[PDB]
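Let us start with two forms of the same protein chain, each given on its own as structure tokens and named structure 1 and structure 2.
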Structure 1
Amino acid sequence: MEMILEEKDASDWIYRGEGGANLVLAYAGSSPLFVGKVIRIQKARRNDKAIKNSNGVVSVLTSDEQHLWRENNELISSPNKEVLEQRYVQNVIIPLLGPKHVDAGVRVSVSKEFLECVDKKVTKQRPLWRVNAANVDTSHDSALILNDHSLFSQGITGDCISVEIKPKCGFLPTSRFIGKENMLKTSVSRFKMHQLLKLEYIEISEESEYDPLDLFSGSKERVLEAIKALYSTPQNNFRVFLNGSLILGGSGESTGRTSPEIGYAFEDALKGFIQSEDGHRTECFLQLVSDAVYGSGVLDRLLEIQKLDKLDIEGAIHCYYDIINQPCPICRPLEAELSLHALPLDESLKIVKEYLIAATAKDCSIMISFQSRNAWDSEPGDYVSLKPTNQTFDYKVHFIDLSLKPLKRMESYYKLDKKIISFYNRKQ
């Protein structure tokens, strides 16, 4: 006794965005049951080896994954990927990050024709650069309904300004399971090293000013610096929305540095939202975002989950091969490595499981939506007061893109890590 989204309904949705796995459409119809919501639809994914089993079938979970995630029977009982991701978020991630900042969503039934319609729609509405990317999987019979976190409330009460950050990893591993030649990993961030490789593959116009160790520092000055740095070189780490509409960033990691032209337009798109004179809104806005980030302490709870990566991939990869019952292709072995192989099967499972949960935390994004208060409105939830403009802003913070990482990807994490540290070493 609910509903199926049909071909008729497809006209009510408009393209908002996409990542590697999902398309996101925002609601544009009149029904109050959907105003201020988005729909998340899974892409058809080939050629992804990590999601196939021994026979090349894209099963919900492989036998190895079922064994690894055994402690939640509800998670392994999922009939499809939509149910799997929702139960992962609800049962594994929400206990860790809290229900306040995480929205598991509501599953909705969709017909093939609805999805075939959305397929054609995204083809027309996508930026030209994304036209050959993977479209909607039309064999799935479900999609996900979520609150649009680019909106504070379903409607407008000034405007809503929404800031989306992909913060990446905010800590450095210990030397405990890192080889002597790779020791720079304990002093230079993964993000900073990755920037060098990305620059070499000319995937970016220049090195990002952003340093995730600033964002997660616990220092209010350093948090501000991180925000300022993200404004200057957004790449794919920083976006700003005006009532759900892009006003900064959004062109992938290839997004250009904020030029005077983009800077000028941004300052004006802030008119009315920040009650400050022309040219001054941008500084006050960055201060606003910095204050909300720091004041919420939402990043402290995210850092702890990232810190579930105890051994680093260099250490963790050994536990992985013990799980899948294969001789280790990595082990001139170290004494630290051999002790890990001596660990009980149960603690070896725990380590890898915690590594994968950590990856979710390292690869997710935060959305901070803002609403300008009136002086005739009563006392506020969570808020930030900008003293120089005498303005109070209500804010909400939500974690998005909290996906379950497949077990076989451990191999990819190692390959990539090996490549990043190798390159960064010989560049010194």
Structure 2
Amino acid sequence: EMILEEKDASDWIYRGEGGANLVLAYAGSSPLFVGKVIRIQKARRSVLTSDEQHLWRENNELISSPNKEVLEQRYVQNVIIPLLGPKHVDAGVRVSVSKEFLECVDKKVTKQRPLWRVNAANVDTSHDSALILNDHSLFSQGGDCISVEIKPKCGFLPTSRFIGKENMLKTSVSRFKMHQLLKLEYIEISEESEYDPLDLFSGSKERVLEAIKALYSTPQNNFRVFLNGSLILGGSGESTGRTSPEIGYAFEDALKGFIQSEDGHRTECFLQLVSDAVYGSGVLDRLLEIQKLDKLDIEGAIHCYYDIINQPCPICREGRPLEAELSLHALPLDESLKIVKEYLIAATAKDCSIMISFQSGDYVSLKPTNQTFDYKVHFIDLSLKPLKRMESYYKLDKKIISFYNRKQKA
């Protein structure tokens, strides 16, 4: 029991954000909130639609959620944990908030937010609740703690019965790689990321290290590093441009004390440590199993979505009739519901992040520095994706592939 009022907004500072939630770390002195983060949902510019209630009917505690914050809490603990495991997942504790606290918080951090983020979304000041999670950038509560955030994205390729001849490049080239080309076009990134999510998930030592190095070279919105809660690499609530020579010098120096290596080598040693931690723990393996719940791709699943909402299928009837996916539409409701539900769970896994906390059971021995590091892994950002979003998923996919295709015509 706790109600945060307008005065409490002074005790929270900006940490980061995505497209759904704004996150703030504690900067006050209250013993009850020290070492915690606050996850506040944003409104873009009642709790579940009828069709969402039909889709999540097997989970009754889910469909009876009073607000959207409890819904997220019950989605993680009733759907995602039975799939990922409870060891590295925190569902978090609820806390009551006021309309004013939320408004003051919104205003407090505005200046530290990205310009375009301020444009698209602000905090939803109509919610009476917020999520309190453990601040993973702190090791627990030892000395210093270097923390690494990774947004791995999708690490498998569609193998589909349902991807057309004209989109067959989707079988060979990753979604992440293809998206980079579109992102660059809409000036959402400065340069094409060198990171290939197929390497990180490959379960191969040399390929994981290759992936970690690429995440250093072009962090964008996929790689962040924190010294004791303080951002020392990556973007602040957005994607960031290439690690320049200068960013490199600062990060190399920020590593002093923690990594015991001679100047100009602490970085290559640190990237060895992150690689060893990721590879050794195999925490990615079980997440790939959840991403693979998208078995038919959006070009397959889309047909099932129109069967679920009882709407005539546009894709089938507005295309060539002899190429209509009769296969999928012949499927019973229960089957149709299963595919789309598993697709939405996969989307959660495709969009989550991983935070590895390091400190001088789970441990790494760095031969080049002669040091030992304890580490903890936690999954974060395990949101429930709206069912309505299947339609925008198909449009986005159709936009990415066709733009990739016509670029290959050069």
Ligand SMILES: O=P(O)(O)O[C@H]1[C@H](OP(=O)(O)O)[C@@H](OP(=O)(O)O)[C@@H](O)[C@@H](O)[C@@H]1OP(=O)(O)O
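All residue numbers here refer to structure 1's sequence, counted from 1. So that the term is clear: the rigid core is the largest set of C-alpha atoms that superpose within 1.5 Å between two forms.
Legend: structure 2 corresponds to the form solved in complex with this ligand, while structure 1 does not. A10 is the only residue from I420, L404, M410, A10 whose Cα shifts by 2 Å or more between structures 1 and 2, the rigid core being superposed.
Annotation for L345: C-alpha shift under 2 angstroms between structures 1 and 2, rigid core superposed. Relative to the superposed core, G252 undergoes a C-alpha shift of no less than 2 Å between structures 1 and 2. In the core-superposed comparison between structures 1 and 2, the C-alpha atom of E113 has shifted by at least 2 angstroms. The rigid core superposition between structures 1 and 2 gives a CA shift for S205 of 1.4 Å.
The two forms, fitted on their core, place the C-alpha of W129 6.2 Å apart, compared between structures 1 and 2.
Look at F191: with the core superposed, its C-alpha moves 0.4 Å between structures 1 and 2.
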